[PDB]
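Q: Dropping the structure in here first, questions after.
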Amino acid sequence: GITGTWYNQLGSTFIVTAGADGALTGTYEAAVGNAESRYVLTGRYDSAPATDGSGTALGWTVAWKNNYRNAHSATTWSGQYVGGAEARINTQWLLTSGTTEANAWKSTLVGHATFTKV
Amino acid sequence: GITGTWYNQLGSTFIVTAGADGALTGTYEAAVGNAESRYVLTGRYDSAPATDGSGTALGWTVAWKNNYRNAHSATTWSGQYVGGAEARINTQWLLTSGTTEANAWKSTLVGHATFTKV
Amino acid sequence: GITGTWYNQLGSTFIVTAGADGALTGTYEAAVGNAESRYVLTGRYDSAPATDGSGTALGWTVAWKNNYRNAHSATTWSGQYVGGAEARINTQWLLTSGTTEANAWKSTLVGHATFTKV
Amino acid sequence: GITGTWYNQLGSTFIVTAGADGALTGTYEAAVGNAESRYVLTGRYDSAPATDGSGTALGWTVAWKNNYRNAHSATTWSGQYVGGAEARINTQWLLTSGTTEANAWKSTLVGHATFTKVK
Ligand SMILES: O=C(O)CCCC[C@@H]1SC[C@@H]2NC(=O)N[C@@H]21
Ligand SMILES: O=C(O)CCCC[C@@H]1SC[C@@H]2NC(=O)N[C@@H]21
Ligand SMILES: O=C(O)CCCC[C@@H]1SC[C@@H]2NC(=O)N[C@@H]21
Ligand SMILES: O=C(O)CCCC[C@@H]1SC[C@@H]2NC(=O)N[C@@H]21
C-alpha cells in the first residue's frame with residue numbers, strides 16, 4: 001500500500017517505491033522551500049508490520065540537492081502508514097540546514113505532515 | 001569524512017558509507033531500546049556542502065526490523081556533519097512506532113545525539 | 001481571540017485566559033494519556049503581535065499533577081494563534097517524563113495539535 | 001532544588017523560582033537570538049516527583065517580548081531536573097515564530113539544552 005504517489009496539504013508530491021526488503025526509494029517534489037524539480041529520497045519501512053490494526057512505521061530522507069539547486073539542507077520524515085479507503089502517511093519531520101557552529105542552535109526546523117493518495 | 005564508524009553517548013554503533021551521489025548506507029546497532037544486532041540504514045547527505053564553514057546536512061533512517069526481531073518502529077536522524085576538531089555528527093531524531101489510531105498521539109519520541117568516532 | 005475554550009482533535013479541553021501583559025493562565029483537560037480532570041497551566045503569548053497577517057506566538061505548560069493523580073510528566077505546547085474566519089491555535093508539543101538517566105533517551109514524546117473553539 | 005540561577009552552553013541565563021504548588025516563575029536572558037535583556041518566563045513542574053532517582057518533569061515558556069523588543073516568537077522548554085552533586089535541567093525546546101499562513105510550515109525551530117548550576 002505504500003508504493004505510489006502521495007500528496008501533502010502544502011502541494012508537494014512524494015513518489016515512492018517500497019521494496020520487499022524494507023527499502024523506500026523514490027523522489028520528492030517540494031511546493032515550498034528552497035527547492036525545485038525532483039530530489040532523490042531514500043528510506044526504510046517496517047516490511048512486516050503488526051498484525052492487529054496498527055500503522056506501518058517508516059522514515060525517509062531528502063537531501064535538498066539536485067541538478068538545479070542545492071539548499072544545503074536535509075529533511076527526514078518519521079511516521080507511519082495507515083491503509084484503507086483513506087490511506088495516509090502521518091509524519092513528523094526535521095529539516096536541518098548545514099550551519100556554522102555559532103548558528104547550530106537554529107539549524108533545525110520541526111514540522112508535521114499527513115500525506116494522502118488524493 | 002562521513003564514511004566510517006561512529007558512536008553516540010549511549011554506545012550505539014553507526015557504520016556508514018557516504019557515496020558520491022549523496023547516498024548514505026550502512027548499519028546501526030542500538031545500545032538501548034527494542035533492538036538487537038545490526039539494522040540496515042539508508043539516508044542522504046549534501047554531497048557539495050558550503051565551503052563557508054558550515055556543516056554538511058544529512059539524514060538517515062533505521063526501520064527496526066532485522067532477522068532477529070521487529071520493534072515495529074523507525075527512527076530518523078536529521079543533522080549535520082562537522083569535519084571539526086574531533087569530527088562529529090550532531091543530530092536530532094524522531095522514533096515513530098506503528099500504533100493503533102487511539103495511540104497515535106504517543107507514536108513518536110524525540111531526542112538528540114552527537115556522534116563521534118571514538 | 002486567545003481567551004476562550006479550545007478543543008483539539010483528541011477532544012481535550014484547553015480553557016485559557018490571556019492577561020494583558022502576555023500571561024496565559026487556565027486549565028487543561030486531556031482526553032488521552034495518564035491524566036484525569038483538570039490541570040493547571042501557565043504560559044506566555046506575544047501581547048503585541050505583528051499586524052501583517054502574522055500569527056500570535058505563544059506557548060504554555062502543564063505539569064501532569066493534580067488532586068487526583070500525578071503522571072510525573074509535563075507537556076509544553078509551542079504554537080501560534082491565527083485569528084479571523086475560523087480562529088485556531090496551531091501547536092507542536094513536547095511531553096517529557098521524569099525518568100532515570102538510563103531511560104532519558106525515551107523521556108520525551110513529540111506531537112502536534114490544532115485547537116479550535118468548536 | 002530547581003530554584004536558582006541556571007546556565008546553558010549558549011551563554012544564556014535562566015533565573016527561576018519553584019513554587020510549592022508547582023509554579024515556575026522568573027526571567028530568561030538569551031545570549032543568542034533576536035533577544036535583549038531579560039524576559040518573563042512562567043511554567044510548571046512536578047512538585048511531588050518520584051524519589052526513585054527519576055528526574056523531575058517541568059516546562060516553561062518565554063514570549064520574546066519585553067520592554068526593549070519583540071521577536072514575535074515564543075520558546076517552550078520541556079524537560080526534567082536531575083539533582084545531586086552535578087544537578088542539571090535536561091530539556092528540549094520548540095521556538096515558534098508567528099507567521100503568515102503560507103509560512104507556517106517553517107514556523108518552528110527545535111533544539112535541546114542542558115542547564116547547569118555552573119557555567
Ligand atoms: O528549504 C530547504 O532548505 C529545502 C526545501 C525544504 C522543503 C520543506 S521539507 C518540509 C516541508 N514539506 C514540504 O513538502 N516542503 C517543506
Ligand atoms: O522502538 C525501539 O525500541 C527500537 C528503537 C531503537 C533505539 C533508539 S533510536 C534513538 C536512540 N538512539 C539509540 O542509539 N537508541 C535509541
Ligand atoms: O500521560 C502523561 O504523561 C500525562 C498526560 C499527557 C497527555 C498528552 S499532552 C499531549 C497530548 N494532547 C492531549 O490532549 N493529551 C496528550
Ligand atoms: O530569536 C527569537 O525568535 C527570540 C529569541 C530566541 C532564542 C533561542 S530560545 C532557544 C535557544 N536557547 C537560548 O538561550 N536562545 C535560543
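Every read-out reported here was derived from the displayed coordinates using simple, explicitly stated rules and does not represent laboratory data. All Cβ positions, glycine included, derive from the backbone under ideal geometry; neighbour counts span all protein chains shown.
Q: Less than 15 Å Cβ to Cβ from A:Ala85, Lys/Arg counted +1 and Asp/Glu -1: what total charge do the surrounding residues give? Provide the component values of the computation, followed by the final result.
A: On the way: positive: A:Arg88, A:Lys117; negative: A:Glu86, B:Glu101.
Spelling it out: positives minus negatives among the neighbours equals 0.
Q: If you take the square roots of the eigenvalues of the alpha-carbon gyration tensor of the protein assembly as shown and sort them as a ≥ b ≥ c, do you get rounded (a/c under 1.5), prolate (a/b over b/c) or oblate? Can you show the working numbers first?
A: Values: a/c = 1.43, a/b = 1.36, b/c = 1.05.
Because its axes are fairly even, with a/c under 1.5, the protein assembly as shown counts as rounded.
Q: May I ask for the net charge around D:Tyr7, where only other residues with Cβ less than 9 Å from the Cβ of D:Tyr7 are counted and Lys, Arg are +1 while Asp, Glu are -1? It would help to have the intermediate numbers written out before the result.
A: On the way: positive: D:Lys117, D:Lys119; negative: none.
Computed value for this residue: +2.
Q: Across peptide C:14-21, what mean number of C-beta atoms from other chains lies inside 10 Å of a residue's C-beta? Please list the in-between numbers first.
A: Values: counts 0, 0, 0, 0, 0, 0, 0, 3.
Partner-chain Cβ atoms within 10 Å, mean over residues of C:14-21: 0.
Q: Count the net charge of all other residues whose Cβ sits under 15 Å from the Cβ of D:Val118, scoring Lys and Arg as +1 and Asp and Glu as -1. All intermediate terms of the calculation are to be shown ahead of the outcome.
A: Numbers: positive: D:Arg88, D:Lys117, D:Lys119; negative: D:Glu86.
Taking every Cβ under 15 Å from that of D:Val118, the sum is +2.
Q: Between the DSSP loop rule and a limit of at most 15 other Cβ atoms within 10 Å, which trypsin sites (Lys or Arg not before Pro) in segment B:34-116 are left?
A: Values: sites: B:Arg38, B:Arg44, B:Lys65, B:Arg69, B:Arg88, B:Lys106; in loops: B:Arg38, B:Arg69.
Filter output for segment B:34-116: B:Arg69.
Q: Once you keep just the Cα pairs under 8 angstrom separated by 6 or more residues, what percentage relative contact order results for chain D? Kindly include the intermediate steps, with their values, before the conclusion.
A: On the way: 278 pairs, mean separation 23.8, N = 119.
Once normalised by length, the contact order is 20 percent.
Q: Shielding by partners for B:46-52, please: the mean number of other protein chain Cβ atoms within 10 Å of each residue's Cβ.
A: On the way: counts 10, 3, 3, 4, 6, 0, 4.
Per residue, the number of nearby Cβ atoms from other chains is 4 on average.
Q: Give the distance, in whole Å, between the Cα centre of segment B:3-41 and the Cα centre of segment C:61-109.
A: When both Cα centres are located, 31 Å separates them.
Q: For segment D:49-62, in order, what is each residue's ³J(HN,Hα) by Karplus, 6.51 cos²θ - 1.76 cosθ + 1.60 with θ = phi - 60°, in whole Hz (x at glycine and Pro)?
A: x, 4, 10, 7, x, 4, x, 9, 5, 6, x, 8, 10, 10
Q: Straight-line reach from D:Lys106: which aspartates and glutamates have Cα under 15 Å away, leaving out those fewer than 8 places along the same chain?
A: Filter leaves no residues.
Q: Let me ask another. If each of A:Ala20 and A:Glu86 carries a label point 7 Å out from its Cα toward its Cβ, how far apart are those two points in nm?
A: 3.4
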